[PDB]
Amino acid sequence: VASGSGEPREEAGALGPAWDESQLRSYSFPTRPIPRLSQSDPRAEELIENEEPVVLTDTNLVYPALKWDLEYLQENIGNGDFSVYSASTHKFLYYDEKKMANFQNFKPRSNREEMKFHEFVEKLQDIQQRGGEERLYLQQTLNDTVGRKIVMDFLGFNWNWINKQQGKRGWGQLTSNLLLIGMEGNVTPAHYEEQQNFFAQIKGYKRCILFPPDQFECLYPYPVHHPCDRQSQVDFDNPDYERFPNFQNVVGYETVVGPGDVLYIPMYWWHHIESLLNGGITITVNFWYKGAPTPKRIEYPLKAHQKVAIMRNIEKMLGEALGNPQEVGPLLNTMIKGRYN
């Protein structure tokens, strides 16, 4: 019951296992599977209602994007600019650029490079043609600049289903759809979002490991003013148990998504996302929504995400009040040592 993603699934038409376990990276912690359910299944509505993750196998959320692949996209996506992240390791740590002002003892290991889609397909082409070690990850918000066919594709997504979802959950407005295109083996390490997320897998296979918000103590997010806010400081490949002792208690929910699957990633759930090894390129489109309004007014006992939201707001104000985010830590220490520990 520390199973993981379970035995792989059998493709339709006897096409053999979609993937196998040697495509999965190995970690220090155990996992239990996220349930794969039909969208008509009351249990799946239960999970989303309760803000627990679920993999919906038949939404058709992005049915028209299933034909997408690089040739189609290059052909049809337009000449807009695309954010492409670079890296020498498999782990793409994200940096918030606005936050980089107030941390100088920071340098990147992943640079954003703006480029046209064909330049991406191309940069992508040079690297394989020469066996390079390097890696790229395109991640760009879909918007109005995109070509006529992609727009027809987009309009054909299952808005009726996801709008009913937005409605039933009291969510706010859709903030963005991000288009993600990755190389095999790319990892987006563990982090959380403040939005609700339907994560709609289009091409290839991604393993998604989620941790609930009550595992905050085991995952050690960066300081809120740090550029890696909301990301774990823990290197999942080489965990430093002396700095991060509660990582030894972390327990995850795990699944592998393929073409057609939608993974509900609930607000504040940590997620770690890796494109299978030797699985080829992956494509995904996500759907971020604001999140229902905080109830006027509060009921106890608070949920884990609400305690998180509180920690963030304390860090933020202290940032403002002290005039400088760098003084947040010494102040907090002074506040607890010999007082609350």
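One rule holds for the numbers: they count along the sequence shown, beginning at 1.
Peer 1: Decide which of the stretches 22 to 30 and 293 to 301 has the higher mean C-alpha B-factor, going by the entry.
Peer 2: Of 22 to 30 and 293 to 301, the stretch with the higher C-alpha B-factor average is 293 to 301.
Peer 1: Highest mean C-alpha temperature factor of the two stretches 109 to 117 and 235 to 243, which is it?
Peer 2: Of 109 to 117 and 235 to 243, the stretch with the higher C-alpha B-factor average is 109 to 117.
Peer 1: Looking at the C-alpha B-factor values in the deposited entry, which of 102, 201, 196, 188 comes out highest?
Peer 2: Out of 102, 201, 196, 188, the record gives the largest C-alpha B-factor to 102.
Peer 1: If I read the C-alpha B-factors straight from the PDB entry, which of 255, 177, 160, 145 is highest?
Peer 2: Top of the list by C-alpha B-factor: 145.
Peer 1: Determine, from the deposited record, the chain-internal third of the Cα B-factor for residue 228: lowest, middle or highest.
Peer 2: Tercile = lowest for this residue's CA B-factor.
Peer 1: Name the third of the chain's ranked CA B-factors that contains residue 129, choosing lowest, middle or highest.
Peer 2: Highest third, going by the recorded CA B-factors of the chain.
Peer 1: Relative to the other modelled residues of the same chain, rank the CA B-factor of residue 78 and answer lowest, middle or highest third.
Peer 2: Its C-alpha B-factor, which the entry lists for residue 78, ranks in the highest third among residues of this chain.
Peer 1: Would you mind checking where the Cα B-factor of residue 168 ranks among the modelled residues of its chain, as the lowest, middle or highest third?
Peer 2: Its C-alpha B-factor, which the entry lists for residue 168, ranks in the middle third among residues of this chain.
Peer 1: Considering only modelled residues of the same chain, in which third does the CA B-factor of residue 214 rank: lowest, middle or highest?
Peer 2: Bottom third by C-alpha B-factor.
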